[PDB]
Amino acid sequence: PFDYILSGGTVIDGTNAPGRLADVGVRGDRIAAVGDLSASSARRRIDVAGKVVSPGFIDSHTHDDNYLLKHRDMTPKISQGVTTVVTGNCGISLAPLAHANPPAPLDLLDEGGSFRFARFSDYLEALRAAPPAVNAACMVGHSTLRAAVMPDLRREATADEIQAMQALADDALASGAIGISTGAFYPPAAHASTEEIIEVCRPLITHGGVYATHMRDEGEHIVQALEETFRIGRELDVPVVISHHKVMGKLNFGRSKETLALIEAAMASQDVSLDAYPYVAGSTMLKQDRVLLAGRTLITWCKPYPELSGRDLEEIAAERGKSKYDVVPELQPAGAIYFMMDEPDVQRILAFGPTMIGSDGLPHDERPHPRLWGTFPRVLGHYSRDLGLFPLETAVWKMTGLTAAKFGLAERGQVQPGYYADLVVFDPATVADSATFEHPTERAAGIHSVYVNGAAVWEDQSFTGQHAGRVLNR
Ligand SMILES: [Zn+2]
Ligand SMILES: [Zn+2]
């Protein structure tokens with residue numbers, strides 16, 4: 001007998017096909033059958049009339065590396081329907097690095113002495129021993145590797161340093177990492193050359209991993225950063241993933257037409273993917289950057305002046321007699337939300353066929369960007385249902401089947417017999433992001449239940465206690 005059948009709903013199977021009325025039967029960690037399952041014995045027949053049963057959402061872009069260890073419930077993600085998270089993005093991974101005060105933005109993963117894993121395998125073993133509620137597909141970050149190896153980060157790595165970083169990257173991939181990410185936009189890697197990145201990432205071809213990147217620039221010089229990314233992909237001969245695609249700053253509004261045309265052209269000749277979050281504000285370390293600071297900026301946390309969390313930076317700066325750019329050093333280290341994108345570009349990037357959905361949630365932030373709690377339902381409700389940006393099955397595909405294919409997560413991302421039972425039951429009519437910039441941790445509406453490897457992890461608007469997630473390999 002099946003352990004249970006989710007009966008009477010509409011299955012949106014993750015393959016970008018209109019939903020169909022069908023039941024879903026689960027046995028252990030697998031989807032056993034899909035269709036009219038009235039004739040199949042089951043221990044429970046759960047009524048989901050009026051709901052959609054879809055694959056669990058795969059968050060293509062997270063910074064959950066440490067959150068998986070410290071808050072195993074993973075409530076910000078499972079409450080939105082997420083069943084798998086891709087970690088170690090933008091060059092920032094929790095491991096391998098033993099450091100009491102890692103350089104920003106590595107601090108976005110730190111709760112205080114969290115960087116304690118000398119080897120990447122130590123980190124994966126910790127996840128397997130005390131599993132989180134969601135599956136984890138983990139990358140190693142090039143900035144973490146630089147911090148672990150280089151005594152001076154403000155220059156290109158020497159061949160000896162490249163050798164040491166490449167050995168750590170190869171060990172991480174051998175241990176189960178699914179790829180390597182970079183983020184040369186940030187201080188720890190701003191002096192890394194394209195050739196340094198290529199040499200450190202060479203093992204990806206041998207291990208079958210992916211190259212993910214927070215591009216060197218996402219504003220005035222985004223074309224040069226895109227070209228750098230495509231060149232790295234051709235040299236490595238592995239799939240590239242462009243993280244949180246955007247055009248930032250007023251001088252770049254509207255340029256998503258141009259960047260998407262360059263990405264589409266590259267996709268015809270090499271393997272390229274991209275993801276995005278559904279919002280017009282970004283969030284990361286507080287940084288002296290004229291573009292990030294041009295517009296409205298909110299503080300998410302601040303070490304030297306904790307009371308500034310949640311405050312408007314223009315007010316803080318003006319009261320200190322300075323521009324935002326000039327006041328930043330005295331407030332560091334800190335985090336911020338930056339309103340530097342324009343809605344038409346966000347919509348164009350979300351609608352572009354290949355764009356996968358990634359939350360870019362920063363889970364340790366005191367006053368976080370709402371994308372941490374509302375990304376997936378914002379796409380299914382606000383964008384698909386309310387604005388008609390894409391039909392519901394395409395919105396679901398962009399957070400399930402597409403993502404599983406691009407990251408190589410076998411037997412996940414689709415409601416198919418034999419695949420793993422990572423599933424979401426949601427109400428298409430009411431699914432919605434509740435988190436706002438003012439109340440960024442509100443739980444999404446319309447998420448009935450979430451299952452990971454067949455175990456319910458979210459039910460009755462609460463974590464069930466099931467630590468069902470697994471460390472995944474590509
Ligand atoms: Zn990131
Ligand atoms: Zn990034």
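Throughout, residue positions are numbered sequentially from 1 according to the sequence presented. Note: hydrogens, waters and symmetry copies are ignored here, and every other heavy atom, side chains too, is used. Both ligands and their constituent atoms are indexed starting at 1 by order of listing.
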Got a list of side-chain donor-acceptor pairs under 3.5 Å for residues 240-247, not counting sequence neighbours?
residue: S243; atom: OG; partner: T213; partner atom: O; Å: 3.3
residue: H244; atom: ND1; partner: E218; partner atom: OE2; Å: 3.2
residue: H244; atom: ND1; partner: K246; partner atom: NZ; Å: 3.1
residue: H244; atom: NE2; partner: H214; partner atom: ND1; Å: 3.0
residue: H245; atom: NE2; partner: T259; partner atom: OG1; Å: 2.9
residue: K246; atom: NZ; partner: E218; partner atom: OE1; Å: 2.8
residue: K246; atom: NZ; partner: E218; partner atom: OE2; Å: 3.3
residue: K246; atom: NZ; partner: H244; partner atom: O; Å: 2.9

| Applying salt bridge (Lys or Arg N to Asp or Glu O under 4.0 Å), which residue pairs with at least one partner in residues 123-146 are found, sequence neighbours left out? | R146-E196
| More than 12 heavy atoms of other residues, nucleotides or ligands under 6.0 Å from CZ of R119: is that the case? | no
| note | Per side chain to side chain contact (heavy atoms under 4.5 Å, CB included), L313 is matched among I337, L331, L298, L308 by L331
| task | Identify, with sequence neighbours excluded, every residue that meets salt bridge (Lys or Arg N to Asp or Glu O under 4.0 Å) alongside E411. | result | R30
| query | Using 30° and 60° as the class limits, which term best fits the ring planes of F117 and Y123: parallel, tilted or perpendicular? | reply | perpendicular
| message | Suppose the cut-off is 2.8 Å; how many protein N/O/S atoms fall inside it around the Zn ion (ligand 1)? | response | 3
